[PDB]
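Report on the structure given below.
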Amino acid sequence: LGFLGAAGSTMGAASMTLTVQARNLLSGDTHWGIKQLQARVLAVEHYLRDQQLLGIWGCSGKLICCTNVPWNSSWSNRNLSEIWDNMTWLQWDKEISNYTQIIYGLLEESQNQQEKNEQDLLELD
Amino acid sequence: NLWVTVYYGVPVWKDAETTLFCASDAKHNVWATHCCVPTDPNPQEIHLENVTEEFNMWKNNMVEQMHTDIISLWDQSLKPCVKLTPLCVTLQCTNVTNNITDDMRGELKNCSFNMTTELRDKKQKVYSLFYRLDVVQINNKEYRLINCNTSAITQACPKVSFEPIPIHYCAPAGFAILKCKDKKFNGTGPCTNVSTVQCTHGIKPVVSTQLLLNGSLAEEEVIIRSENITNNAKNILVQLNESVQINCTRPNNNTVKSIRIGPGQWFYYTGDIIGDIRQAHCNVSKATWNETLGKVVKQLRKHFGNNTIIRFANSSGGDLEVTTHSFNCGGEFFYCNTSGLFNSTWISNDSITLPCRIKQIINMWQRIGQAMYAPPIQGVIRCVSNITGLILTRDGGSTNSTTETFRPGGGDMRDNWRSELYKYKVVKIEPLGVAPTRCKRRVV
Amino acid sequence: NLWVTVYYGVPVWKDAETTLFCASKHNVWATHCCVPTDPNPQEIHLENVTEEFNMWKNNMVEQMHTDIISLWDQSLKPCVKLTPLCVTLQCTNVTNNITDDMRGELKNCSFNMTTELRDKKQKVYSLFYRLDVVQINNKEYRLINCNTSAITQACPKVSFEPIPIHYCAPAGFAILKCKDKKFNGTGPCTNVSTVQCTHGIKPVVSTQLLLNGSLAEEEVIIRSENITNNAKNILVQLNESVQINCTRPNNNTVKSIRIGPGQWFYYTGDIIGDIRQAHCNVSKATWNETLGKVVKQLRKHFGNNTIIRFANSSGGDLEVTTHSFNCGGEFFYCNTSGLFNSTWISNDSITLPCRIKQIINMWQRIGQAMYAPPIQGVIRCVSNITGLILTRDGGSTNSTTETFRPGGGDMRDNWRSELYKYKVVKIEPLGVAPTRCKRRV
Amino acid sequence: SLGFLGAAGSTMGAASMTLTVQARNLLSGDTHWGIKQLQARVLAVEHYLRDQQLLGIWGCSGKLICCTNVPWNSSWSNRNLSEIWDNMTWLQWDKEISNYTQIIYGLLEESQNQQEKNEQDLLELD
Amino acid sequence: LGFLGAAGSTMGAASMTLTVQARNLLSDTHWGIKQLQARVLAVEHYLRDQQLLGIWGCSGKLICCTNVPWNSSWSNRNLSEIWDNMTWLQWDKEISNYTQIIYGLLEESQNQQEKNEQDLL
Amino acid sequence: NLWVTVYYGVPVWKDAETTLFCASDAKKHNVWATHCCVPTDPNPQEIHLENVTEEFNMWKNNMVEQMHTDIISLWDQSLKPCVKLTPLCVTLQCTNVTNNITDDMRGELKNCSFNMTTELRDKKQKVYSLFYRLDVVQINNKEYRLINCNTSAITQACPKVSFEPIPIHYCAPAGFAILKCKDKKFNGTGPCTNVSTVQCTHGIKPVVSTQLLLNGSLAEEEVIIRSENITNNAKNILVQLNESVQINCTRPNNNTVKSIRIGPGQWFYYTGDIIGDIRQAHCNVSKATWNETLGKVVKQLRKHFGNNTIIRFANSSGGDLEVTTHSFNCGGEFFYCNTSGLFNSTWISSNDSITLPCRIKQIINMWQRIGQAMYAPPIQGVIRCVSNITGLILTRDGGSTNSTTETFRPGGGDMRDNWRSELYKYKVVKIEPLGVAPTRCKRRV
Ligand SMILES: *[C@@H]1O[C@H](CO)[C@@H](O[C@@H]2O[C@H](CO)[C@@H](O[C@@H]3O[C@H](CO[C@H]4O[C@H](CO)[C@@H](O)[C@H](O)[C@@H]4O)[C@@H](O)[C@H](O[C@H]4O[C@H](CO)[C@@H](O)[C@H](O)[C@@H]4O)[C@@H]3O)[C@H](O)[C@H]2NC(C)=O)[C@H](O)[C@H]1NC(C)=O
Ligand SMILES: *[C@@H]1O[C@H](CO)[C@@H](O[C@@H]2O[C@H](CO)[C@@H](O[C@@H]3O[C@H](CO[C@H]4O[C@H](CO)[C@@H](O)[C@H](O)[C@@H]4O)[C@@H](O)[C@H](O[C@H]4O[C@H](CO)[C@@H](O)[C@H](O)[C@@H]4O)[C@@H]3O)[C@H](O)[C@H]2NC(C)=O)[C@H](O)[C@H]1NC(C)=O
Ligand SMILES: *[C@@H]1O[C@H](CO)[C@@H](O[C@@H]2O[C@H](CO)[C@@H](O)[C@H](O)[C@H]2NC(C)=O)[C@H](O)[C@H]1NC(C)=O
Ligand SMILES: *[C@@H]1O[C@H](CO)[C@@H](O)[C@H](O)[C@H]1NC(C)=O
Ligand SMILES: *[C@@H]1O[C@H](CO)[C@@H](O)[C@H](O)[C@H]1NC(C)=O
Ligand SMILES: *[C@@H]1O[C@H](CO)[C@@H](O)[C@H](O)[C@H]1NC(C)=O
Ligand SMILES: *[C@@H]1O[C@H](CO)[C@@H](O)[C@H](O)[C@H]1NC(C)=O
Ligand SMILES: *[C@@H]1O[C@H](CO)[C@@H](O)[C@H](O)[C@H]1NC(C)=O
Ligand SMILES: *[C@@H]1O[C@H](CO)[C@@H](O)[C@H](O)[C@H]1NC(C)=O
Ligand SMILES: *[C@@H]1O[C@H](CO)[C@@H](O)[C@H](O)[C@H]1NC(C)=O
Ligand SMILES: *[C@@H]1O[C@H](CO)[C@@H](O)[C@H](O)[C@H]1NC(C)=O
Ligand SMILES: *[C@@H]1O[C@H](CO)[C@@H](O)[C@H](O)[C@H]1NC(C)=O
Ligand SMILES: *[C@@H]1O[C@H](CO)[C@@H](O)[C@H](O)[C@H]1NC(C)=O
Ligand SMILES: *[C@@H]1O[C@H](CO)[C@@H](O)[C@H](O)[C@H]1NC(C)=O
Ligand SMILES: *[C@@H]1O[C@H](CO)[C@@H](O)[C@H](O)[C@H]1NC(C)=O
Ligand SMILES: *[C@@H]1O[C@H](CO)[C@@H](O)[C@H](O)[C@H]1NC(C)=O
Ligand SMILES: *[C@@H]1O[C@H](CO)[C@@H](O)[C@H](O)[C@H]1NC(C)=O
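What follows is the structure, encoded as C-alpha cells:
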C-alpha cells in the first residue's frame, strides 16, 4: 500500500511498512515566501531531532532495534500475544502516553553505560 | 522476557497545526497567479482501513488560514493600482430624471467636479453618475464621497480578475490531510470511513452573505450543521442535496469613460446609460424555492420537534452589508433584497423576483480603514449561479409556543469556507515509538 | 605508544558573535518580544572555571542599538504624516498668567490646514514651545524641521514605556555571566555561570545620568575602558539609588483635527490655570553624600592627594547639554548644573528647571523627525538614578587639582551597564586527545 | 548531573560521561526579523551537519568516544597521559594545544580511506 | 588531487577522489531570501542522499556492496570495460535511467535483512 | 555472478539552473560594490580536466538571464530612497537658446521657466533653467511639458551614487560548479574539448550599451563571429574583435549646475548656465584603425558567406533614439551617438579620426522599460571618457536573391546579448554524488 495504509495494521503487520513511512518524511510575495521557507526549515529540524535521538540511543542504523532497557510494569501490563497481532499500533500508541521521557532517559543511560564499558574493556591493553 | 524495542517509520500521527500552501491549475487572475503550483493530483487517494477519527469543523484552523490568506491576496493585488485620493472634493449633484421608473426614483445622481490632471497647474471639469449608496450630502446641493471622512479609496486595476477558481490546499512534508467520507456527517462526528491525501479538493472562494453560492451539494439529504443547536446566537449552516438555480442581472447598458488624472493614473467613469432605467433583479423558481425550504424544514424539525411550526421571516434591521444578500456578479457588487424568499410558515412556473441595488464603494471584509472602488462595467451584466446552501439564525425570545422563527443570518466570511471544508483535518506524522518486546540488545 | 582518539560532545567553547532573540497591551516592546521566557532561570554555576570578560567589546551592546532603532522606525511607519502642516505660521507671544520663568517660552500660533476635503481649508490655533518653532522673517514662523526632514506624528495609542527585556541564545550558543563582585569590567572573572537568557534589562533611554538600572551592590563602582585617556567616558554605577520627583505642572487641554481621511492631528489646545516651569526635585543631602562616595572611589584611580571639583556641562545642543528623558510620554530637558558645583579636599531638596520639546530628532539621526502629540492634564513621575556618565574635564597640567564634568554620549553606553555581566560563546563539540587504544580491526 | 557545560570543571576523563548532554543541546527545541530568525536556524543546522559529516568521514559515526588507527604525534603534544586525563579539563586541553587541527583531520581522512579500500578488496575475494 | 579533478579517470581509478567530493558538499530582503532558499535546498539534497544510503543499508560506508543481483538487461557491458576503461560520466550515460529500479531492489534487500535479524535475536 | 555496488562521491553532474551569488574585490558609494559585499577569494581555483568533453550553448544560458534579472533589480533598488520629482511637472514656458549658440548645437537647448513648490506648502519659487529639447514636448503661445510627464513618475537619481561598472564575479553555491571552455577558437554553440572547473567566473563589468560592445573580453586569435542561427536574418550577430579600438568621447561645454530645495530635505539639481563655447557632443575613432578592423570582420564573415561575395555596410533601421544610436553612459551622462559614420563602405572580393555627433538627454526610460523613468542630475564640468570597443552587434538584412551582395547593419535588441558575449564560455552544473555499478562482492549474512 502507500503512505499510512498501515493505519489499521497490527503492530506485527506494521513492521513491513516502516520504509514507506520513512521515505516520505524528507521533502516532496514576501510573506508567502517566508512562510513556506519556515515550513521547510521546521521539517528539517524535526527530522534531525529524530535522527539525533536514535543516534544517542544507539539505534541509528536500523528501522527496528532491540535496546538494552527492560520493560516496566508501571508502563504497561499486557502479554506478547496481546500486543502482537492482537493490537492495532495506533491504539498501542495512545496507551503509552506520558512515558515518553521516562523511556528516553532510560535509553540514553543504558547506551551511555554500554559505550563506556566497551571503551574500558575492548579497547584495553 | 520484558524488554524495550524501538521503531522508526511507524504509521502514527497527532492532531496538528501547520501552514498549508495553495495550488491550482487549468488571464490576469489573482488566484491563478498566486497558487502557482501545478497540482495534477493523480495519486492522491489512500484509503485507511479500520480507522475512526474525531473531526470538528468548528475548530478548523484551515478556515482561519483561508480567511487570512484570502484577505492577504486581496490586499496585495490592489497595492499596485491607482489611488483615488485626489477625488475627495466637494461634489455638486442634481437628480437623474430621464427615463426612470418608480423603483429607481432618486436612485441615481448626476454629479460634477473640478479634478486635477497631468500638470499640477491644470484642472478639468468632469461629469459622472452615481448610485446614492456611494454619496453623502454635505449639509444645487453639495455632496462628498462616503469614504472621505474615514480613509482613502483605491481603484481596482481593470485587468485583474478576482473570479474564484478551485483552489487545492497542499500539505508540507511531515503533514497529511485527513478526510471524512460520511454522507450523514454533521461536522463533529467520529467518522468511521477515513482516507488521506497529500493535497485536497479544489474548492473555489465564492464570497456571499445570506445564501451560499457555487459550493458542493450534500449527497443524500439536506444537512443542518450548527456548533450549538440549542444556542440561538449561532449561524446555522444548511447544506442542500439539490441546487437552486438563480439568474441575476443588471439590465442597464452602461457607457464607460476614462480620464487620466496623473502620469499614468486613470480613473473610470460611469458615463451615461443606454435604455430605460431599471433596478437590478435576481430570479428564483417559486416552486423550486418552496420544495427547497420544505426539505430544510423537515430536517430542521427533526432537531426542533415534528409538531413544531416554523416561521421564516426576513432579515433583521442593520447595515446594507448585513441585511442584504451581497455578491460579486461579473465584477459588479450586488446588494439584493431577500425578504421575498422568507414570507412562509410551515405546519404539519413563476419566479420570485428580488429587487437589487448596486454599490461601487466596498468596505470589503468589513475592515474599516480601507475601501475599494469598483470601476463601472461597460454594457449589461448577466450571471447564473447555484444556491447550494444558506445561513440561518434562531430568533430566540420564545414563549414555549413550539413555533420557532428563523431569520436569515450573516457574519464574516469564515463560515463560508468552514462549510465547504467541514470534512477535512490536518495531522502531523510521528515516526518513532517503542514496544514491550522480549528481545534484549545482544551485546558482548 | 599513544593513539589518536576523538570525542563528540566535548564541553568547550569559543568567543563568538551571533544574534540573540528577544523574549519577555499596545506597547511596542510587548508587541515585539511576544516570545515569553521560561519561568525557570536554569543557571548552572561552574566549578573550577575562570573566564575573560571585556565589557567595552561586548557586541550585545551593538545588537541592542540596532534593535531599538528598528522598533522605533517600525512603530512610526503606519502613523499620520504631518508634512501637510509645513506652512507659514503667524505667531505672537503668550503673555497672560506668566511668572516670567517662562517669558516668551510659549507662543500662540495660527495657520490654514487642509481638512479631509482637498478644497476646504481651516484656520487652527495652537500653542507651541520655542524649541519647536523658528522665525522665517504677528511674525512669520515655521516648524524647526520643515527645511530638513519629514515629520511623523507618533500614534497616541502606542506606548513606548520600557519593560524588562531578556535576550536568549540560539541553539549552539550559550551565555556566560561574570558576577564577580567589584569587577572593573575587564579581564579574568572567577564567579562564572552559564545561562540560557539574560535577566530582564529595562531599555530606559536617557542622557547624562542613567535611570532605573542595576546597582553596584556593595560599593560604588567606577568603570572605564582607559582611566588615563580623557577621550573615554566614565561609567559610574551607584551602589544605592537616588530618587528624583519630576513634573510638568501645567494642566493642559488636548484638541484634535482631521487633516485628511482618517488622519488626525493632536495639539496643545489651551492651558488651564496659570503657567509654571517644568522641574525635577533631588534631595541635596542624598546627592551630596552620593557625590562624596563617587569621589572616594575616583581617588583609587587618580590619587588620594588630589583635589576634585565637579563642573557643569560643556556646550552643545539641547540633547547634549541637558539631561534628557521621557516622562509620561513627554520629552524633558533638564538643567543639572545645580548638581555639579562642589569641591572635595583631602528635606532640603534642589529643584532643577526643565524644558519641554515636541519635535524630536531621535538617536542623533537626521531625516526622520518625530512629533510628540500632547498630553492632557499634569505630568508627574519619580525615577531612580542608578549611575552617571562622567568625563574628566582634561587639560591637566598635573596641577594636583582635577575636575570631572558630566558627560553623555551614544545610547550604547547606557546598555553597556546592564550588559556588563554577559558574554556569548559558541559551542565546539569536537575534540582530539592521545590514548592507549588503537582502533580494533 | 549538572547539565549543559556543567562539565566545564570536570577532568577530560570525567567529562566523557557528559558527552551525551552536550550533544542534546546542539539542536533547537516584520520581514527583517523573520529573515534573521531563519538565518539563525539554518546556520545551526549547517554546523550540526558538518560535524556529523566529518565523523562519518573519519569512521567514528554513531560514537561519542572513538579509537582511531592513527598514532599520536609527540610534536603536537608531549605530556604525561595521566596528567592529560586526570589533571586537565577539556577547555584547558583545547587551549593547551589550539593547533594541528588540519593535520589531524587529514590523517583521519586518509586512514579511513585506507580501511575502506582494504575491506572492499577483501570482500570481493570472499 | 582536487574537487572533481579526475573527471576523465576510469571508474575504478576514481575511487581515490570520492572523499574530496563528499567534503565539499556542505557550506535587501529579496536578496536575503534567495540565499536562504539556496541554503535550504542544498541541505535537502544532502539529506536525501543520506536517507537513501540509510534505507539501503549503506549509510556507514562510502563504498557499499549490496545483495541485489546485477541485471544484464540494465547493462551487458563487462567489468573489464566498466572499471578499467569507462569513466563515471560515460557510465552514467549508460545507466540508461534504471536507477530507480535498483533503488527499489536495494530497499527490499535491506528490509529482508533487518527483519530476519530481529527474528533471530 | 554479479551484484550491485553503491558509491557515494561519484564525479558526475547534470545541467542545472540555480542562482549564483555576487562577489567583488577589496577595492566610495559604488552601487555594484554596495550590493556585492561578498569579497572574492584572493586565491581562485581552476582545475583543468584531463580526458574531458562537454557541450556549451550560450544561446540558452541562465547565467545571462540571472545577470539581467539582478541588474534590473539593483538599479531599481538603488533609486528607491531618492527624491521624486513628481511636483516638477507644471506648465513650462520656453524660448529657444539661439543667442549664444553656433548653428551646430543651435536649437538643442531651450531656456525654460516654471513656478515650483518650495520647502513650505504656501510658497512657490520661480525657477528657470536650461534643458535639452529631447526632454521637452510642446503642449500648444510657447507651452511645454516634460516628455515623460504623461507616462510615469520621474525619480531623480541620488547624486552621490556611482554606477561605474566594476568587475563582478559570479560564484557557485555548494553543490554546484562552473565549467568553462578554454578552446582558443570556438563559437560556444556546441561541444568543447579544453574544459576546466572553477568556483567563480572571471569578473565581468556590467557595462550597458547598444550596438557596440565596450570594455569587454577581447578575442585572442582572430575575429570570432557567432550567432544562434547563421542563416536566420532576424537574429543578432555578435562580433568579437581580437584588437580593441580606442574611442575618445566628449561633452565639450563647461556648464554651471544649480540646485534648489523643493521640500524638507529634498534637493533638485538642474543646469544653470554655460560658460564659454557651446558645441555638440561627439566621439573620435581612428579611421585607419576602423577600416582595418572592419576589414578583419569582413574576412571573418566571408568564411560563412563565400569567396565571391560583396559585403556592404549600411546604417541601422530608423526608430527610437534609444534603438537607433550607440547609446552609452559617459562620465555619468547619457549619450546617444550617431552610427552612420562607421557603416557606409562596401568590401569587394593625424589618423583622420572619424568624428560622430552625440545627443544628450536627461530623462531616461531605463532598461527599455516603459512606465518608469529616471532623471539624470546634470554633471558639473566638461566631460571626457575614453573607452575600448571590443565587439560589435550587427544584423544581416537577408531577403537574398543570391546576388552575392549582402548588407549588414548595426542593430540592437535586448541588452542581454551584451552579457551573452561575456558569458559565452561558461556553464553551470549540479553535482550528483550517487551512482551504482556491477560488482563481484556480496554482503556477509
Ligand atoms: C457560478 O459558476 C458560474 C459558471 O462558471 C459563473 O458564471 C460565469 O461568470 C463569468 C464572469 O461573469 C463569465 O465569464 C465572462 O463572459 C463574458 C461573455 O462571454 C461570452 O462569449 C464567450 C466566448 O468568447 C462564451 O464562452 C461565454 O459563455 C459568453 O457567451 C466575457 O465578456 C467576460 O470577459 C471579461 O474578461 C476579459 C478578460 O479575460 C475582458 O477582456 C472582458 O472585457 C470582460 O471583462 C467573461 O469571460 C462566464 O461566461 C459565466 N459562465 C457561464 C456558464 O455562464 C458564476 O459567476 C459563478 N457564481 C459565483 C457567485 O461566483
Ligand atoms: C572603459 O574603461 C575606462 C577606464 O579607463 C573608462 O573610462 C574611465 O571612466 C571613469 C569613470 O568616469 C573615470 O574615472 C573618473 O575620472 C574622473 C577624471 O579625473 C581624472 O584624474 C583623477 C586624478 O586623481 C584620476 O583619479 C581619475 O581616474 C581621472 O584620471 C574623476 O573626476 C572621477 O572621479 C569622480 O567621479 C567618480 C565616479 O565614480 C567619483 O567616485 C569620485 O568621487 C569623483 O566624483 C573618476 O575617477 C576614468 O578616469 C576613465 N578613464 C580614463 C580614460 O581616464 C570607460 O568609461 C569605460 N567604458 C565605458 C563603457 O564607460
Ligand atoms: C587521461 O588519459 C591518459 C592516456 O591517454 C592517462 O594516462 C595514464 O597514466 C597512467 C599513470 O598515471 C599509466 O599507468 C596509464 O598506462 C596511462 N594511460 C595510457 C593509455 O597510456 C591519464 O591518466 C588520464 N587522465 C585522467 C585524469 O584520468
Ligand atoms: C483491516 O481489517 C481487515 C479484517 O477485517 C484486515 O484484513 C486488513 O488487513 C486490516 N487493515 C490493515 C491496514 O491492516
Ligand atoms: C517502574 O517505575 C516505577 C515508578 O513508577 C519505579 O519505582 C520502578 O523502580 C520502575 N521499575 C523498573 C523495572 O523500571
Ligand atoms: C497520561 O496521564 C493522564 C493523566 O490524567 C491520563 O489521563 C492518560 O490516560 C495517561 N496516558 C496513558 C497512560 O497512556
Ligand atoms: C450550548 O449547548 C449547551 C448544551 O447543549 C446548552 O445547554 C446551551 O444552552 C447552548 N447554548 C446556549 C447559550 O443556549
Ligand atoms: C423585512 O421586512 C420589513 C417589512 O417592511 C422591513 O421593514 C425590513 O427592513 C426588512 N428587513 C430588514 C432589513 O429589516
Ligand atoms: C516675545 O518673547 C520673546 C522671547 O524670545 C521676546 O524676545 C519678545 O520681546 C517677546 N515679545 C513681546 C510681544 O513682548
Ligand atoms: C488663510 O487664508 C487667507 C486668504 O485670504 C489669509 O488672509 C489668512 O491670513 C490665512 N490664515 C492663516 C491663519 O494663515
Ligand atoms: C590610555 O590612553 C593614553 C593615550 O591616549 C595612554 O597614555 C594611557 O597609558 C592609557 N591608559 C590605560 C589605562 O591604558
Ligand atoms: C489666570 O488664573 C486664574 C486663576 O486660576 C484664572 O481664573 C484666569 O482665567 C487665568 N487667566 C488666563 C488668561 O488664563
Ligand atoms: C597555533 O599555531 C600558530 C602558529 O604560529 C600559533 O601562532 C598559535 O599560537 C597556535 N595556537 C595556540 C594558541 O597554541
Ligand atoms: C568484455 O569486453 C571486453 C572488451 O571487449 C573484453 O576485453 C573482455 O574480455 C570481455 N569479457 C571479459 C569480462 O573478459
Ligand atoms: C526658437 O524660438 C525662437 C524664439 O526667439 C524662434 O525665433 C526660433 O525660430 C525658434 N526655433 C525653432 C526651430 O523652433
Ligand atoms: C535556423 O536553422 C535551421 C537549421 O538548424 C535552418 O534550416 C533554418 O532555415 C534557420 N532559420 C532561418 C530563418 O534561416
Ligand atoms: C576559396 O574557398 C576555399 C574553400 O572552398 C577556401 O579554403 C579559400 O580560402 C577561399 N579563398 C578565397 C580567396 O576566399
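Taken in order, these protein sequences are the chains called D, C, E, F, B and A.
For the first sequence, the positions run 520 to 547, 568 to 664 when the deposited numbering is used.
For the second sequence, the positions run 33 to 58, 65 to 141, 150 to 185, 188 to 309, 312 to 323, 323A, 324 to 397, 411 to 505, 507 when the deposited numbering is used.
For the third sequence, the positions run 33 to 56, 65 to 141, 150 to 185, 188 to 309, 312 to 323, 323A, 324 to 397, 411 to 505 when the deposited numbering is used.
For the fourth sequence, the positions run 519 to 547, 568 to 664 when the deposited numbering is used.
For the fifth sequence, the positions run 520 to 546, 568 to 661 when the deposited numbering is used.
For the sixth sequence, the positions run 33 to 59, 65 to 141, 150 to 185, 188 to 309, 312 to 323, 323A, 324 to 397, 410 to 505 when the deposited numbering is used.
Ideal Cβ placement from N, Cα and C applies to all residues, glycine included.
Within chain A, partners of residue 200 of chain E - CB distance below 9 Å: 312, 313, 314
Neighbouring residues, chain C, relative to residue 165 of chain E (Cβ below 7 Å): 126, 127, 128, 192, 196
Start-to-end residues for the alpha helix (DSSP H) that takes in residue 481 of chain E: 476-482
Close-in-space but distant-in-sequence residues of the same chain around residue 389 of chain C (CB under 6 Å, 5 per side omitted): 414, 416
Residue 595 of chain D at chain F interface by Cβ criterion, 8 Å: yes
Distance cut 6 Å, beta-carbon to ligand 7 heavy atom: residue list by chain order: C:276, C:278, C:279
Straight-line Cα distance separating residue 618 of chain B from residue 538 of chain B: 26 Å
Per-residue contacts from residue 569 of chain B into chain F (C-beta, under 8 Å): 569, 570, 573
Euclidean distance between Cα positions of residue 589 of chain B and residue 579 of chain B: 16 Å
Burial state of residue 316 of chain E, where buried means 16 or more other Cβ atoms lie within 10 Å: exposed
Expected contact under 8 Å - CB spacing of residue 261 of chain A and residue 447 of chain A to nearest Å: 5 Å
Contact under 8 Å by Cβ, residue 36 of chain C with residue 499 of chain C: yes
CB contact check: residue 491 of chain C to chain D, cutoff 8 Å: yes
Cβ distance (whole Å) where residue 241 of chain E is taken to contact residue 267 of chain E below 8 Å: The pair is not a contact, with the Cβ atoms about 12 Å apart (cut-off 8 Å).
Residue 301 of chain E beta carbon less than 8 Å from that of residue 323 of chain E: yes
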